[PDB]
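Asker: Just passing along the structure, written as structure tokens.
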Amino acid sequence: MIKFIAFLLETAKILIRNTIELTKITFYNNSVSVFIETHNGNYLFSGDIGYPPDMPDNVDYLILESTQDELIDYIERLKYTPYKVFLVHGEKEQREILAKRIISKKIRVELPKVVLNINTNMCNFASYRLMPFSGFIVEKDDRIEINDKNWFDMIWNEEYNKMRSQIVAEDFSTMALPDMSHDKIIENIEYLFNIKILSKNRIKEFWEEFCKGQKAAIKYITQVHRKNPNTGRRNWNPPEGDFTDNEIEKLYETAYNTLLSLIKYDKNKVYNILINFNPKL
Amino acid sequence: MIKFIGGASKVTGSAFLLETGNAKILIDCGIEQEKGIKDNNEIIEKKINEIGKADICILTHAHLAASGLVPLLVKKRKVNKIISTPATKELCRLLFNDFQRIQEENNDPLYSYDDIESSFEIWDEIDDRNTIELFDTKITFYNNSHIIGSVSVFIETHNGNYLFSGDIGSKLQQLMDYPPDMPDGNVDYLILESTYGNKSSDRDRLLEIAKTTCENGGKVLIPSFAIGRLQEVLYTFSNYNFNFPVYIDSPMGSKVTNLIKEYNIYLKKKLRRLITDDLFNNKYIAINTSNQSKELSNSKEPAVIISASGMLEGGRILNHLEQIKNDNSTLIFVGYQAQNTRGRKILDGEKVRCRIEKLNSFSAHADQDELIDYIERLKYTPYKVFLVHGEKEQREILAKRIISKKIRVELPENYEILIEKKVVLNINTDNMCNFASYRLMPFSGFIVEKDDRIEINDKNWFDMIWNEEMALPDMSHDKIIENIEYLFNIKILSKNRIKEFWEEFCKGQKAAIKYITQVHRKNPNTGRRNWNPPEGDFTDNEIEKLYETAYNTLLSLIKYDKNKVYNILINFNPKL
Amino acid sequence: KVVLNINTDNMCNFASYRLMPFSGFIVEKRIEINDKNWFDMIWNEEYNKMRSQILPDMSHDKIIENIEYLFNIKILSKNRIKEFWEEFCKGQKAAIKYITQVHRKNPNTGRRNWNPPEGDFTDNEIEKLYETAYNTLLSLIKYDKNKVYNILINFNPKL
Amino acid sequence: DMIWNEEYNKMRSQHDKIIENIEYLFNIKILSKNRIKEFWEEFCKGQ
Amino acid sequence: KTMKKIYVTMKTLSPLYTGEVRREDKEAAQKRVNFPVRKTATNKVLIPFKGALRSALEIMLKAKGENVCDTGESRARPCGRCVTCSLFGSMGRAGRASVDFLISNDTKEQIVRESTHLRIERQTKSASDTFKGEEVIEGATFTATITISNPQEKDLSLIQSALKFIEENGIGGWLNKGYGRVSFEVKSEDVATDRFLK
Amino acid sequence: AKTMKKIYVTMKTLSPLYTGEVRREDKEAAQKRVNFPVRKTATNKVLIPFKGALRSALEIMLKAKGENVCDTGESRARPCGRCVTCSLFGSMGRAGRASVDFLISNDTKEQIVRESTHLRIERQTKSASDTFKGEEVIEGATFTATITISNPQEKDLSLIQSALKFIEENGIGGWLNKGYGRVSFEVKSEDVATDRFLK
Amino acid sequence: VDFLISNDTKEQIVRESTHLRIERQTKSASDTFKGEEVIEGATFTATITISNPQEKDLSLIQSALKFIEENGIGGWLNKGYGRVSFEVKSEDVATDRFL
RNA sequence: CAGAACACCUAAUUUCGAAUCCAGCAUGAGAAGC
RNA sequence: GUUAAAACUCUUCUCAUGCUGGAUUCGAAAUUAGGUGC
Ligand SMILES: [Zn+2]
Ligand SMILES: [Zn+2]
Ligand SMILES: [Zn+2]
């Protein structure tokens, strides 16, 4: 792959009739040109032209220069015509005027992170083929890809969902909940902690949603206790034990009533309640 | 990357496995025959197992030499999808059924009939000039003038643009277009198949000999192949008036000849206009059962027997050729006659009493100068031409001439640049922000697909460039919407009709023209169109004007692009 | 200076600070603060420029009451409310097309693509419930994204 | 994220036998140097 | 626990047409037959048994008059509280009876034939339409089982009543044209769920 | 410890096979075309869960035999850790000795998954009320799995084989009641050494 | 031992899912829970650099990689998750190649 | 340059391809060497 | 030219375990192998 600047060639990293073998390099006379061979290429840096030069033996790439007939004579008389010629070291209009004639001899020219099209229509307007498109250039850490407003729509909707489900109405901000003494709160939360309805994750989640206000805790305990119309399933962990079906419901009701009664207790008081159960917070 | 799986003489396996980065592309999953030998099939299966799971099997034409191992590649479950042209698909329906039929008569089996229908379930079809985007590769077909439905495959991968030529047709082809259609763009690699014969339109000579023999008191038996060749010699009898009659005594050859006349849109442009006028005229008289075959063989008033068993090996050309071999008559060998065939012994005298004349004009493949001319039409000189099939000999002399044109050759027995179809961004990159931990930038511009390079250029570039710078009917877009709504309300155009027409339009424009012509074809023996009859109190003149309105409305919608057709048809049928 | 171009309804109260979760586009125009609508209109304006060069009204409380009632008879399930959130979020023409799609009585079958009501209702009234569902879900499209989300997360939380 | 943390914190404002035994447990690593340091830290803190 | 095996055998008495449902099997048979028969990839003919049995039981039990819902109206939700909901399923519990498909014991070549049907004009008495279909021949034998996971007492007699309704009325398609009249032979056994545990 | 059981399980399909698509994006991509997509890979292959079917099979049959097996199928039910299925498939404390893979198909969707049409016949007029298209796996499709038991006792072969026979009875996944999912299994079992890969 | 860094991002390889818990007797979904997974065919890179190498570090690391292929990597290894395949390009390095 | 085996006429067409439930729990938050 | 200057908070430890996208729903609704000839 040639990188234009002089002429750099990245295979060995050389930069431009006996044979020196470094990448078989061999200098033919221009009347001087160099023919380099590598597994991916048979490149020819010709230099300038003067009339009967010494063209190499297959010149896969022919990197020549001119500023007109002699350039094309040298473009012929070379066995196994090159894949792509390169028109360097000259004025641009004269390079294009020569290049039209290398196209007329059916030989391709090129006048001097990977980027991926994730696009999808075509138009044949003017000499070149095209498709009008407005889009986005993402610059991932090893790719640069092109997208359209459908992808921006999908990440915009993901951002909207992630930012809506992140701030509640009156959390950490400043009544009619049940009431029950501290001793029955002790007995109930001990009993509902041995069997697993009130477990350390649930006490911790009660602690965060109580620190975010009383109403956040009321909302959390209601949506934990809310029985579904369809499945008939509450978001408690099932008690471990025989409990057949009705004291299951009375036991979830006990968990509901005990947490809701603990809500109006003082924040330090519910802290001294909970750390006997969940030592963390 | 390309592998030539048995690409020397196509006996006991032949395939071209393009190994691109995402797909295991297969070209021409086909088999030849050696006309007699059992372990052959084991070498075929070994090759087939060695192929591996091919993501797409692509058939350049429909001969068994190109499509003969396809249902075996479904039996081993190595094929994913089978893409071809529609005429190719029905031709290999008849050819796979006949292949298995002979295996049953040979007392065999390489594959079975379940493998045949299981091949035709996964068989997608596209016509000429229909680029489809499969697995990093844009694949297009282009006509190569060989037989009906024959194409050359154009595969643009990011590692290069390949053009599997298939068989290129000769200049003596009348049913097809003579100039073999080609990619407009690049061809980095061209996989070319060499010739078999030598370089001269005898043509008229056929009508000469068949004249002199029929006036002499003798019928003319013309052995021929059942794919193209029988239709070639029937078309030369259809052009010039031959006063004695012609008769096809070939059941498969006749239903292939019918298959020519529903698929007349895939034939030569001068014959695509053939109006409720048949192309072979009504000159051909077809033998249907074996009893007309026996009666015609016994019948002795001179007449062309123009039929297809191939090479005098089995079929109804046989039942004619027995008494003709006992006869003033002649045999006209308009095809090549292979080794170990009984008709080669008839063509080498080892003795048919009636006159032996072979004719070399009726050849299916092209010439050496035509493969040269095929090469020079190209927009760019190819990097490498992989001559693959042919006799070894003429592969060497063609190879020498194409080395003289100074383009490179890889023979298969004698078989490394990288061509990255690079994508590059020519827009400012510095002004980018973050929204969802993505370094993004809105930009509006123009992608320009230039040969060997897809570029993304700004409005400034387009300013620089622009500042520097079938016979379908036609009707307006609102007329199209009104007529489809009116025919939909009266139930002529249906949701199954619009769905099927959408499938033939995504198939390609000429297949959709064939579909609407086949539906609107009034059968002369009955008087029935395949259109859905309307609901209401319309009389026969109005029912005929509404059928013609449906014909001229689904034509002239075909002329529009794909997006326009989908946007029209998605209102009437919400599902495609 | 800087101009916000957004109506400041749907402002919650985080502690002693009023607060809005919001997504937008800084425009160095008057340093304007513009919503997504702006981007969609200007995208389509540049699409037309590039290619060129080559609802009934219902009250809010009636919307809650009707969506409540249609939720209890399971005409409006949470699958419907979720897909209506997808088609409203994508845009408004998509939501119009989706709601017309689910409400279109197919001429060959006579069937609407809604969910049937739970309970005994006469076929005329079941149809009127369907027409009511068309009227509310179409009337919902006239509102912004914020009130549509706040309306339908009481019925499908996750929508 | 700041305000969420700072409102959270704000709410979060509110004799030879022992020698032989310790010599045994030092070798099988049950009591360890960190354990000695933190147990002595608890003792230096109080009882 | 126990589970009940109902080994069900069908012999075809009038040509049986059930339709092909696979799209790839059906639009690749459209060049040959306008009505393909439902087949396996092993090329044996498949019949859907469950819906016929459940339709049979809804029709007969609704005529007798018990509380049985209909699972046949537009988007008809099952109730969960009936004999049909217990046996064949609902939106809560699944179906206690797993009803296997009816696969023919012979492959397609022996039992599927390719027939020609017509529409005759009533006035001219001539052939007006012509279409080709596929039918299962008479005497073809199809085998299924029906497994009942939690077996109740009435369940065998209930399944056999539905199997008498399917004998009289038919299974498959083209039912009013005479297509699909069958005969059932049933061998039943009660097996324990721990049978494969050696 | 020093040995480990490898159970190569080859499953053939007899009736049509359905297992529903679990990935959201793949499912919603397919609901523009089919209403019940087959659970498929991104390498275009059919993925079927296999551990839970074996655990459910062994749970039902051991419960019917009379063994002290917990029911992990109940909603948020904790496995006790002392059942046979807890030693095989897993408990809360320790993982399962048996590490069952998915039943990866030996072919690739476009050869085994077909789009099918199912209906809802209205029972009195015999017409079609609902029509839905679902993907299914053809019969004779081959699936492969491996069950790797880390610490084998003697019963871990026969229990797995018995559960496989129960999966031949009730079906592996999807619409087991309509007759889908009826499969057969072939078992190739070997006891490998754990230190096999160390050269 | 470096972390296994994928070459793709979340929208290309991470898919959400629907995992279930089915009641053994009723054959109904008792529980539903969503869980992300990385797709099949997704490829990852990691560079293991060994200072002071012996003879047998290569053999032990490849043997560990066949064991990881057999067992799986990540979580839910009993349900069939995380079964992968490894390719290894080994190279000897003089430590001063940055100088 | 590859398949090849008493009579006609037909072998098409149209609908639907959706609807619904659930998306929860539970454990562990320590050591040790320098 | 700073009580300077010198000394990496380093090593060891896989978010793992438990849980099957399951359940509800028949490709069937329409169409005479008919017309010709002892
Ligand atoms: Zn050919
Ligand atoms: Zn019920
Ligand atoms: Zn257990």
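How things are named: the first chain in the structure tokens is A, the next is B, and so on; residues count from 1 in each chain; ligands count from 1 in the order shown.
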Skip segment 30-47 of chain D itself and residues of its chain fewer than 3 positions away, then list as a ChimeraX atom specification all residues within 12 Å of it, counting only C-alpha atoms (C1' of nucleotides).
Answerer: /D:21-27 /H:31-34
Asker: Let me see if you get this right: every residue at most 7 Å from ligand 3, counting only C-alpha atoms (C1' of nucleotides) and all ligand atoms, written as a PyMOL selection string.
Answerer: chain F and resi 69-70+79-83+85-86+91
Asker: Write out, as a PDB file, in the first residue's frame, the residues just selected, with N, CA and C atoms.
Answerer:
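See result35.pdb below for the written result:
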ATOM      1  N   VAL F  69     -37.326 -34.697  46.510  1.00  0.00           N
ATOM      2  CA  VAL F  69     -36.922 -33.682  45.545  1.00  0.00           C
ATOM      3  C   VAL F  69     -37.779 -32.439  45.731  1.00  0.00           C
ATOM      4  N   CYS F  70     -37.123 -31.290  45.876  1.00  0.00           N
ATOM      5  CA  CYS F  70     -37.808 -30.009  45.932  1.00  0.00           C
ATOM      6  C   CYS F  70     -38.360 -29.640  44.558  1.00  0.00           C
ATOM      7  N   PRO F  79     -34.309 -23.937  45.844  1.00  0.00           N
ATOM      8  CA  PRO F  79     -33.859 -25.329  45.944  1.00  0.00           C
ATOM      9  C   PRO F  79     -33.139 -25.567  47.262  1.00  0.00           C
ATOM     10  N   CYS F  80     -33.440 -26.705  47.893  1.00  0.00           N
ATOM     11  CA  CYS F  80     -32.940 -26.945  49.244  1.00  0.00           C
ATOM     12  C   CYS F  80     -31.461 -27.314  49.253  1.00  0.00           C
ATOM     13  N   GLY F  81     -30.990 -28.025  48.235  1.00  0.00           N
ATOM     14  CA  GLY F  81     -29.603 -28.427  48.167  1.00  0.00           C
ATOM     15  C   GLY F  81     -29.314 -29.860  48.539  1.00  0.00           C
ATOM     16  N   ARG F  82     -30.339 -30.665  48.804  1.00  0.00           N
ATOM     17  CA  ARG F  82     -30.158 -32.049  49.202  1.00  0.00           C
ATOM     18  C   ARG F  82     -30.829 -33.030  48.254  1.00  0.00           C
ATOM     19  N   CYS F  83     -31.553 -32.545  47.248  1.00  0.00           N
ATOM     20  CA  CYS F  83     -32.169 -33.425  46.271  1.00  0.00           C
ATOM     21  C   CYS F  83     -31.120 -33.978  45.313  1.00  0.00           C
ATOM     22  N   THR F  85     -31.614 -33.846  41.973  1.00  0.00           N
ATOM     23  CA  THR F  85     -31.555 -32.800  40.956  1.00  0.00           C
ATOM     24  C   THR F  85     -30.787 -31.571  41.421  1.00  0.00           C
ATOM     25  N   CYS F  86     -30.672 -31.358  42.734  1.00  0.00           N
ATOM     26  CA  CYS F  86     -29.803 -30.300  43.233  1.00  0.00           C
ATOM     27  C   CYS F  86     -28.337 -30.666  43.054  1.00  0.00           C
ATOM     28  N   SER F  91     -28.155 -26.148  42.932  1.00  0.00           N
ATOM     29  CA  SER F  91     -28.827 -25.634  44.110  1.00  0.00           C
ATOM     30  C   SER F  91     -28.438 -24.177  44.290  1.00  0.00           C
TER      31      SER F  91
END
Asker: Find the residues near segment 3-17 of chain I: any atom within 8 Å, counting only C-alpha atoms (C1' of nucleotides), skip ones fewer than 6 places away on the same chain, and give them as a list in words.
Answerer: residues 91, 92, 93, 94 and 95 of chain F; 74 and 75 of chain G; 33 of chain H
Asker: Keeping only C-alpha atoms (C1' of nucleotides), take the residues you just selected and write them out as a PDB file, in the first residue's frame.
Answerer:
ATOM      1  CA  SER F  91     -28.827 -25.634  44.110  1.00  0.00           C
ATOM      2  CA  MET F  92     -28.444 -22.185  45.633  1.00  0.00           C
ATOM      3  CA  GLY F  93     -25.273 -23.038  47.522  1.00  0.00           C
ATOM      4  CA  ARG F  94     -23.427 -25.079  44.957  1.00  0.00           C
ATOM      5  CA  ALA F  95     -23.758 -25.121  41.183  1.00  0.00           C
TER       6      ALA F  95
ATOM      7  CA  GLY G  74     -18.761 -16.146  32.365  1.00  0.00           C
ATOM      8  CA  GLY G  75     -22.009 -17.028  34.121  1.00  0.00           C
TER       9      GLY G  75
ATOM     10  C1'   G H  33       1.098 -10.801  53.092  1.00  0.00           C
TER      11        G H  33
END
Asker: Write out as JSON, numbers by chain each polymer residue (protein, DNA or RNA) that has an atom no more than 12 Å from ligand 1, with only C-alpha atoms (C1' of nucleotides) and all ligand atoms counted.
Answerer: {"B": [10, 28, 30, 31, 32, 59, 60, 61, 62, 63, 64, 65, 66, 67, 68, 88, 144, 145, 146, 147, 148, 149, 150, 151, 152, 165, 166, 167, 168, 169, 170, 193, 194, 195, 196, 225, 227, 228, 229, 363, 364, 365, 366, 389, 390], "H": [1, 2]}
Asker: Between atom CA of residue 500 of chain B and atom CA of residue 24 of chain E, what is the distance in Å, rounded to a tenth?
Answerer: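 Answer for the atom CA of residue 500 of chain B to atom CA of residue 24 of chain E separation: 14.7 Å.
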Asker: Counting only C-alpha atoms (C1' of nucleotides), which residues of chain H come no farther than 10 Å from chain E, as a ChimeraX atom specification?
Answerer: /H:9-13,18-21
Asker: With only C-alpha atoms (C1' of nucleotides) and all ligand atoms counted, collect every polymer residue having an atom within 10 Å of ligand 2; state the result as a VMD selection string.
Answerer: chain E and resid 58 67 to 71 77 to 91
Asker: Convert the current residue selection to file output with N, CA and C atoms, as a PDB file, in the first residue's frame.
Answerer:
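Output file part-v2.pdb is given in full below:
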ATOM      1  N   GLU E  58     -66.141 -28.671  22.364  1.00  0.00           N
ATOM      2  CA  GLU E  58     -66.940 -27.463  22.557  1.00  0.00           C
ATOM      3  C   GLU E  58     -68.326 -27.605  21.945  1.00  0.00           C
ATOM      4  N   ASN E  67     -71.224 -25.372  31.348  1.00  0.00           N
ATOM      5  CA  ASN E  67     -70.365 -24.203  31.256  1.00  0.00           C
ATOM      6  C   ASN E  67     -69.070 -24.598  30.564  1.00  0.00           C
ATOM      7  N   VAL E  68     -69.015 -24.418  29.247  1.00  0.00           N
ATOM      8  CA  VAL E  68     -67.809 -24.623  28.455  1.00  0.00           C
ATOM      9  C   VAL E  68     -67.655 -23.407  27.554  1.00  0.00           C
ATOM     10  N   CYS E  69     -66.489 -22.763  27.608  1.00  0.00           N
ATOM     11  CA  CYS E  69     -66.270 -21.576  26.798  1.00  0.00           C
ATOM     12  C   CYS E  69     -66.086 -21.968  25.339  1.00  0.00           C
ATOM     13  N   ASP E  70     -66.106 -20.970  24.473  1.00  0.00           N
ATOM     14  CA  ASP E  70     -65.769 -21.190  23.080  1.00  0.00           C
ATOM     15  C   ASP E  70     -64.377 -20.624  22.838  1.00  0.00           C
ATOM     16  N   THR E  71     -63.507 -21.425  22.225  1.00  0.00           N
ATOM     17  CA  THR E  71     -62.194 -20.966  21.795  1.00  0.00           C
ATOM     18  C   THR E  71     -62.132 -20.815  20.281  1.00  0.00           C
ATOM     19  N   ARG E  77     -60.819 -15.642  24.393  1.00  0.00           N
ATOM     20  CA  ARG E  77     -59.982 -15.996  25.523  1.00  0.00           C
ATOM     21  C   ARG E  77     -60.609 -17.157  26.281  1.00  0.00           C
ATOM     22  N   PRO E  78     -59.848 -18.200  26.588  1.00  0.00           N
ATOM     23  CA  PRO E  78     -60.365 -19.271  27.444  1.00  0.00           C
ATOM     24  C   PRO E  78     -60.605 -18.777  28.865  1.00  0.00           C
ATOM     25  N   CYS E  79     -61.535 -19.444  29.550  1.00  0.00           N
ATOM     26  CA  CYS E  79     -61.915 -19.020  30.892  1.00  0.00           C
ATOM     27  C   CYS E  79     -61.013 -19.618  31.960  1.00  0.00           C
ATOM     28  N   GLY E  80     -60.707 -20.907  31.847  1.00  0.00           N
ATOM     29  CA  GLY E  80     -59.951 -21.634  32.841  1.00  0.00           C
ATOM     30  C   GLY E  80     -60.789 -22.555  33.697  1.00  0.00           C
ATOM     31  N   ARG E  81     -62.108 -22.375  33.711  1.00  0.00           N
ATOM     32  CA  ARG E  81     -62.995 -23.145  34.578  1.00  0.00           C
ATOM     33  C   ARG E  81     -63.992 -23.886  33.698  1.00  0.00           C
ATOM     34  N   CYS E  82     -63.554 -25.005  33.127  1.00  0.00           N
ATOM     35  CA  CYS E  82     -64.409 -25.924  32.384  1.00  0.00           C
ATOM     36  C   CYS E  82     -63.623 -27.203  32.157  1.00  0.00           C
ATOM     37  N   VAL E  83     -64.276 -28.166  31.517  1.00  0.00           N
ATOM     38  CA  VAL E  83     -63.624 -29.436  31.238  1.00  0.00           C
ATOM     39  C   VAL E  83     -62.675 -29.288  30.051  1.00  0.00           C
ATOM     40  N   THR E  84     -63.086 -28.508  29.044  1.00  0.00           N
ATOM     41  CA  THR E  84     -62.251 -28.255  27.870  1.00  0.00           C
ATOM     42  C   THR E  84     -61.008 -27.444  28.232  1.00  0.00           C
ATOM     43  N   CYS E  85     -61.154 -26.461  29.125  1.00  0.00           N
ATOM     44  CA  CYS E  85     -60.008 -25.680  29.584  1.00  0.00           C
ATOM     45  C   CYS E  85     -59.052 -26.512  30.423  1.00  0.00           C
ATOM     46  N   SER E  86     -59.576 -27.465  31.192  1.00  0.00           N
ATOM     47  CA  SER E  86     -58.712 -28.333  31.979  1.00  0.00           C
ATOM     48  C   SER E  86     -57.966 -29.319  31.091  1.00  0.00           C
ATOM     49  N   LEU E  87     -58.643 -29.867  30.082  1.00  0.00           N
ATOM     50  CA  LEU E  87     -58.018 -30.884  29.245  1.00  0.00           C
ATOM     51  C   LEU E  87     -57.063 -30.289  28.224  1.00  0.00           C
ATOM     52  N   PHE E  88     -57.494 -29.254  27.511  1.00  0.00           N
ATOM     53  CA  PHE E  88     -56.749 -28.770  26.367  1.00  0.00           C
ATOM     54  C   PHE E  88     -56.057 -27.436  26.595  1.00  0.00           C
ATOM     55  N   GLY E  89     -56.357 -26.725  27.670  1.00  0.00           N
ATOM     56  CA  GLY E  89     -55.544 -25.596  28.071  1.00  0.00           C
ATOM     57  C   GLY E  89     -56.335 -24.311  28.201  1.00  0.00           C
ATOM     58  N   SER E  90     -55.669 -23.340  28.814  1.00  0.00           N
ATOM     59  CA  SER E  90     -56.207 -22.006  28.991  1.00  0.00           C
ATOM     60  C   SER E  90     -55.050 -21.026  29.099  1.00  0.00           C
ATOM     61  N   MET E  91     -55.399 -19.774  29.391  1.00  0.00           N
ATOM     62  CA  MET E  91     -54.482 -18.678  29.680  1.00  0.00           C
ATOM     63  C   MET E  91     -53.825 -18.765  31.052  1.00  0.00           C
TER      64      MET E  91
END
Asker: Counting only C-alpha atoms (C1' of nucleotides), what is within 12 Å of residue 7 of chain H, bar same-chain residues fewer than 3 positions away, as an MDAnalysis selection string?
Answerer: (chainID B and resid 287:289 291:292) or (chainID I and resid 36:37)
Asker: Name all residues at most 10 Å from residue 61 of chain G (count only C-alpha atoms (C1' of nucleotides); drop same-chain ones fewer than 4 positions away) and give them as a ChimeraX atom specification.
Answerer: /F:198 /G:48,56-57,65-67,88
Asker: Tell me as a PyMOL selection string which residues belonging to chain E come within 6 Å of chain I, counting only C-alpha atoms (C1' of nucleotides).
Answerer: chain E and resi 19+21+48+51-52+90-91+94+119+126-127+173
Asker: Write down as an MDAnalysis selection string the residues of segment 95-138 of chain C whose backbone DSSP state falls under helix (DSSP H, G or I).
Answerer: chainID C and resid 95:103 123:138
Asker: Residues near residue 5 of chain H, anyone? I mean within 12 Å using only C-alpha atoms (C1' of nucleotides), not counting same-chain ones fewer than 6 positions away, as an MDAnalysis selection string.
Answerer: chainID B and resid 98 101:102 105 249:253 287:291 293:294 308:309 313:319
